[PDB]
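Each chain, written out:
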Amino acid sequence: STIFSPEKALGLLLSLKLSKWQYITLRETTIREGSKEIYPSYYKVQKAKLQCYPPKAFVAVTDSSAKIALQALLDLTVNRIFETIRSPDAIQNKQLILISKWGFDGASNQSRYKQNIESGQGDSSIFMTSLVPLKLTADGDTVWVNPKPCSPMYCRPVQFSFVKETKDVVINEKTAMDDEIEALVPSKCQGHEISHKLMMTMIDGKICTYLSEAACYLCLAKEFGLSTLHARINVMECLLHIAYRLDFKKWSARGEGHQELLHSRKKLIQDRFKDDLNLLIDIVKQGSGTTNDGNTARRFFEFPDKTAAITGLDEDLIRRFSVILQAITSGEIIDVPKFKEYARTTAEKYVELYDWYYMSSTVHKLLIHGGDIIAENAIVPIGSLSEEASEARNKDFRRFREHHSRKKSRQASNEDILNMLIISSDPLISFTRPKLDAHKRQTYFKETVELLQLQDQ
Amino acid sequence: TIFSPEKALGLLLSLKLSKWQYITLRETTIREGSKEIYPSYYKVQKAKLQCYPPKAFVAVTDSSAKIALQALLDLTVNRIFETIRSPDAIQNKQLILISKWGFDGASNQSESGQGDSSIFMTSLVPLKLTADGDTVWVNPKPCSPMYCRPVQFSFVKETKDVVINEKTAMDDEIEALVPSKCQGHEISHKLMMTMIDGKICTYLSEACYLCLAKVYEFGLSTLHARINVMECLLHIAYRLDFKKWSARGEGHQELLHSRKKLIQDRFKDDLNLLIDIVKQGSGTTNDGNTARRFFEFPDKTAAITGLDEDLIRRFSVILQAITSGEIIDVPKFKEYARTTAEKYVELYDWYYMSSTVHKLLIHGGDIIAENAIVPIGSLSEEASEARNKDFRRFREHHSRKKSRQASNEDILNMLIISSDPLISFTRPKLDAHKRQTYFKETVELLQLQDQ
Ligand code: NA
Ligand SMILES: [Zn+2]
Ligand SMILES: [Zn+2]
């Protein structure tokens, strides 16, 4: 009776970032011109939103943290997965196997630059634990399978607190998860009974050394959890470091008078980013040396034509690295053979231009082993997704503050972001969301969509 | 296509849609099996170009922006003709377009941005198109910003000088007005400077009959109406402890100041509002943005100030009707003002009502009825607030020296698009913003109850 389902409307809502009253006015104004099979009522959309939420008795929103009980979240997901299977009349109901993925990561944030003058409340540092469902197995066969195993569209939020990622809080979160994992592991839906097998694979290198108290093969033709956030930042930094040394073109600035003009070049480029782009590109807040958020790296690659004029780097190289990071962070399906050729050539262009600066471990793992990592669905979006939430609460806090107190508006923000994270990671809602945002449509390059083989023009 | 490019462009403004929100909205609407809905953004952008006057006086500096009204009137006349049902007006030997003009200034507070951020805007409104004395076209919203054509806005504090400076600078371009041309008809222009308050009139020159309601002390500025009523309510709130008009008295000043800071503190911990904060010269630099938030939540403001909630919402509903620019049910408004007035004396007969509150409640119906409400000012404020947002977006991809003009360039255009006669003819009766904020009593006064 309506072109857009209430759930499909909710998709269009997220894909466009439309407000409640923009959608109501969009509806009314589109009716008054003679067509009502298009959009449902917002009453129907609000109900579709409510259907994504888990029960209110399992959701803990403080002025600090936010937590869902892992039992409640898995059961919620199972139900919404069944509503996307073509004919959920499966034969094995004695046992279904839902294979799921989990992990955690942390991101930082800065609201312009405001020291001794705070623009609101919030630690500007978020720590999020997430879960992703992978395969639905009955007697050894695939019944339903995740179409985007590394997209944030299936990155369910479990518990995010606005705390810095300590070695302790990592171990604290592992045992806090392992216990609620090791304790309860059943589920029920639509007559079938579903057990859960969880794998902690959304983990980077530093977390692994924590949990244990503690190499290429020489790189054959004839590897770890790659964070989208970590890839985007450590490549910007690698490109910046090359830019500072363009005067002498040597990896080590240890030589006679090289350090003298590296700092000279670095200050020229730092100033160029501030007045040409309003970017604090390498400005340090004494937190071991590089307080560059994912926001800073995102804007460093947003305009390859301009970053090259600022840094003195080659535009071809910069655009190549940006297109790659876009494909990674989209969460969409990447044409692995088409990607490997693009990565293999980007590497060739690197040594063509800057063979003197050795490739960072992150750049090596990206360009040289990135094709395989994509192919084995081993890319971790908790990082970038955790940051995008932080940017979105500080936005919500500045909106709620105008009619609520600080301690109350700070929780109304944690309440709303948990919801926004649930709708966006909902299997039935994500089942009909556009392959690329209005944001992704505007920003992604010609080469990027070509790598994603997207017919979502 | 269901939406015309101009009608889509209206939907664009009414929703505050970005270029890429509209493109994705279109694509996503096709991908679900329906094309006939929205036109291309190139066709929408072409419609935007059609509102602009030529390179004749695209004058956007790092400071000001100005259009010659000859180019603007000819522009307006042409866009007015595109809205008449049957332009078979036989009498074309002389057409009389009667238009309205004036100017007003607004201030602003928030220094990280660029700009003096105090704006002074001169605007023009077309009223009637006369053929041999007969109505050919008539303004459907004579006080709405939807027909408030911008002539020149400079970022200057409204000085005594710049008023007279603007008066003769406008007066000269008047006598030099050649009759406009469109569709074989010849249109002469008669302008009246009535969008003017009492302040401007005493400059140019170097009352109640014992009250009788069934210009009217010059009219009513929407910007000044919201501020001078908020301030009147606050002054009542500060003196609630002793219930006397005079702030003098035995230690009254001591507890009046105590109440004023109590309420000022409530408006910060509850609302993040600077209610009477001064940055220059022992003053009361309350923005039009500040008055909008003072009335946005009458149930909450009343707990803060200790005032009667009914009264606050009543004053808010009225100021919303005034500022909407839409047509107000004059008989239904007069009854609403005349009852709000009764409620005022019911609660606070001890505080004499300010002249602005008197003019509104007692003479406001008639001022509405004679379309004597001036939106210059609030429009200048919404423009000023909208440049600071473009500056914050353009700066993040452009230098300051260019972003300071790219903002002035874009704001003049959006003031033109919003004041374009053909676009406003098919614009939604009330914004997406007005949907969320306007109260039931407000919509009923505009009689938009079912839209
Ligand atoms: Na508005
Ligand atoms: Zn290797
Ligand atoms: Zn009177």
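Residues numbered from 1 in each chain as written, not as in the entry; some residues may be left out. Chains lettered and ligands numbered in written order. Heavy atoms only, no water. Residues with missing side-chain atoms left out of burial classes, pairs and counts.

Thoughts on the overall build of chain B
Stated precisely, the cut-off is as follows: Put simply, DSSP marks the helices as runs of H or I at least four residues long and the strands as runs of E at least two long, and each gets a number from the N terminus on. The globule rule used here is 2.2 Å times the number of residues to the 0.38 power, and the radius of gyration it is set against is calculated over C-alpha atoms.
Looking only at helices and strands, one finds 18 helices and 10 strands in chain B. Taken over C-alpha atoms, the radius of gyration comes to 23 Å for chain B, in line with the 22 Å a tight globule of 451 residues would show.

A closer look at the domain arrangement of chain A
Residue and element names in this part refer to chain A. Worth spelling out the cut-off: As annotated, the domain borders come from an automatic or database domain assignment. The term buried area means the drop in 1.4 Å probe accessible area that two parts suffer when joined, counted for both and summed. We define a salt bridge as a side-chain nitrogen of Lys or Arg found within 4 Å of a carboxyl oxygen belonging to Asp or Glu.
Parsing chain A into structural domains produces domain 1 (59-214 + 381-432) and domain 2 (223-380). Computed over C-alpha atoms only, the centres of domain 1 and domain 2 are separated by 29 Å. Each partner contributes to the roughly 1800 Å² buried at the junction of domain 1 and domain 2, and carbon and sulfur atoms together form 53% of this total. On the domain 1 side of the interface with domain 2, the three residues burying the most area are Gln-110, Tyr-113 and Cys-150, jointly 24% of the side's total. At the junction of domain 1 with domain 2, the criterion picks out 1 salt bridge. The salt bridge involving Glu-332 is made with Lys-148; its shortest N-O contact spans 2.7 Å.

Some thoughts on a positive patch on the surface
Selection rule: Patch definition: residues with relative accessible area over 30% and no salt bridge; like charges joined within 9 Å; nonpolar side chains (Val, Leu, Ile, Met, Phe, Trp, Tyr) joined within 5 Å. Per-residue and other accessible areas follow the Shrake-Rupley method at a 1.4 Å probe size, with only the shown protein chains counted as cover for residues. The charge count treats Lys and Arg as positive and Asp and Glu as negative. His and the chain ends do not count. By convention, charge coordinates are those of NZ in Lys, CZ in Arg, CG in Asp, or CD in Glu.
Taken together, the side chains of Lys-114, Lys-395 and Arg-398 of chain A together with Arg-392 of chain B present a region of like positive charge at the surface. Here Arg-392 of chain B shows up in helix α14 (residues 378-394).

Quick word on the interface of chain B and chain A
Where interface size is quoted, it is often the accessible area lost as the parts come together. Threshold: Contact definition: two residues touch when any of their heavy atoms are within 4.5 Å. Nitrogen and oxygen atoms within 3.5 Å of one another constitute a polar contact, given that in protein one can donate a hydrogen and the other can accept it, and given that sequence-neighbouring residues count only through two side-chain atoms.
Across the boundary between the two partners, chain B contributes 46 residues, which contact 45 residues of chain A. Taken together, both faces of the contact between chain B and chain A bury some 3900 Å²; the carbon and sulfur share is 53%. Its salt-bridge partner being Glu-402 of chain A, residue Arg-293 of chain B comes within 3.8 Å of it at the nearest N-O pair. Across the chain B-chain A interface, the total number found is 12 residue pairs in polar contact. Put simply, the parts of the chain that give the side of chain B that touches chain A at least two residues each are α1 (5-15), α2 (19-30), α8 (252-269) and α17 (432-437) of chain B. For the side of chain B that touches chain A, the element with the highest residue contribution is α2 of chain B, accounting for 8 residues.

Describing the coordination of the zinc ion (ligand 3)
Residue and element names in this part refer to chain B. Our working rule: For Na, K and Ca the donor cut-off is 3.2 Å, and for all other metals it is 2.8 Å, counting N, O and S atoms only; because water is absent from this set, sites may look incomplete. Each label reflects the angles at the metal, where four donors whose angles all fall between 85 and 135 degrees are tetrahedral, four or six donors whose opposite pairs open beyond 155 degrees and whose other angles stay between 65 and 115 are square planar or octahedral respectively, and the rest are irregular. We call a residue buried when its accessible area falls under 20% of the maximum for its residue type, exposed when it is over 50%, and partly exposed in between, using a 1.4 Å probe and counting protein chains only.
At 2.1 to 2.4 Å from the zinc ion (ligand 3) lie its protein donor atoms, namely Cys-208 (SG), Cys-211 (SG), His-358 (NE2) and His-363 (NE2). With 4 donor atoms in place around the zinc ion (ligand 3) and angles of 86 to 131° between them, the coordination shape is tetrahedral. Using a relative accessible area of 34% as the deciding quantity, one classes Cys-211 as partly exposed.

Some thoughts on unusual backbone geometry
Despite not being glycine, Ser-288 of chain A shows a phi value in the positive range, around 75°. Note on placement: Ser-288 of chain A falls in the loop between α8 (258-276) and α9 (294-301). Judged by its relative accessible area of 86%, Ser-288 of chain A is exposed. A positive phi is found at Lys-16 of chain B, a non-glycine position, where the angle reads about 60°. Assignment of secondary structure puts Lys-16 of chain B in the loop between α1 and α2.

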